[PDB]
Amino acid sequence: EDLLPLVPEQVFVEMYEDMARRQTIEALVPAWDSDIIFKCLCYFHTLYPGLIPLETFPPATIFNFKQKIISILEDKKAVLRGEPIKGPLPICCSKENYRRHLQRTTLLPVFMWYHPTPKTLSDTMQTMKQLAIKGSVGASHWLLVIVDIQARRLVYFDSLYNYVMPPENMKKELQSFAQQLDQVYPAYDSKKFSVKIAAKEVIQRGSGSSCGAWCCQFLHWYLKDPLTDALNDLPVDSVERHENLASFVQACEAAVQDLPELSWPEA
């Protein structure tokens, strides 16, 4: 016979290292939901007046984000010509202040909430409600589509790289959308909307909860520099990545602490 291998009396020991790293990471950067994201955007507007703090309640989804962007751009086009707006209105903003934001904006920060299971807008909202009630993130995810109007650039940011679909499939969908926007919101010089898929690799490695904060951090990097290469200059170590992100979150949460709730800043 052969000597049986030793089986340790510790069920989970083989995973300790990975479990420990994840626990540390989840603790450093917990989930950012719709409400704190909105506050952060309001705050970002005070720093960068070009950013319109679009409401995240309810957020866009993969089923309606294009229609949502088109409604907004059509309304901005209308405001600039003294025409009436036709799109759905914000709940925390007066109609007049909203028109002022539309006139002034050069950048739409479009957060999209996503879950693999729902197959309609309505079912996505239902899934969102169930998860909120049980206090669970689950397989849900935040994505950011930046509509840079001034540069005519659509920037898609997935901190999980390919959670919704392969990057080339999203590139295709967004490239078709970009040519639609060329007709909807035409440029004088005929410059075409271009598309950027921001992440070449998984950004939030080791976390199931840091997506919201990652979206906001990338947005802030983009606001600092619309050609930011920050994603390429990240620490290789995932814990270190989230340590820096934790510093961002802390700074943001401090900055909005005494800012007014449920109301847009003046344009």
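Start at 1 with the first residue shown and count on from there.
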(request) Give the stretch, out of 19-27 and 254-262, with the larger mean C-alpha temperature factor in the deposited entry. (result) 254-262
(message) So, looking at the entry's B-factor column for Cα atoms, which has the higher mean, 228-236 or 63-71?
(response) 228-236
(request) Just grab whichever of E83, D182, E173, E96 has the top CA B-factor as deposited. (result) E96
(request) Among the candidates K39, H45, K200, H220, give the one with the maximum CA B-factor reported in the record. (result) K200
(message) Sorting by Cα B-factor within the chain, modelled residues only, which third would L143 end up in: lowest, middle or highest?
(response) lowest
(message) Going by the CA temperature factor in the PDB record, which third of the chain does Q130 belong to: lowest, middle or highest?
(response) middle
(message) Where does the C-alpha B-factor of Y188 rank in its chain, lowest, middle or highest third?
(response) highest
(request) Sort the modelled residues of this chain by their C-alpha B factor and say whether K196 lands in the lowest, middle or highest third. (result) lowest
(request) Would you please rank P116 by its C-alpha temperature factor against the other modelled residues of its chain and give the third it falls in: lowest, middle or highest? (result) middle
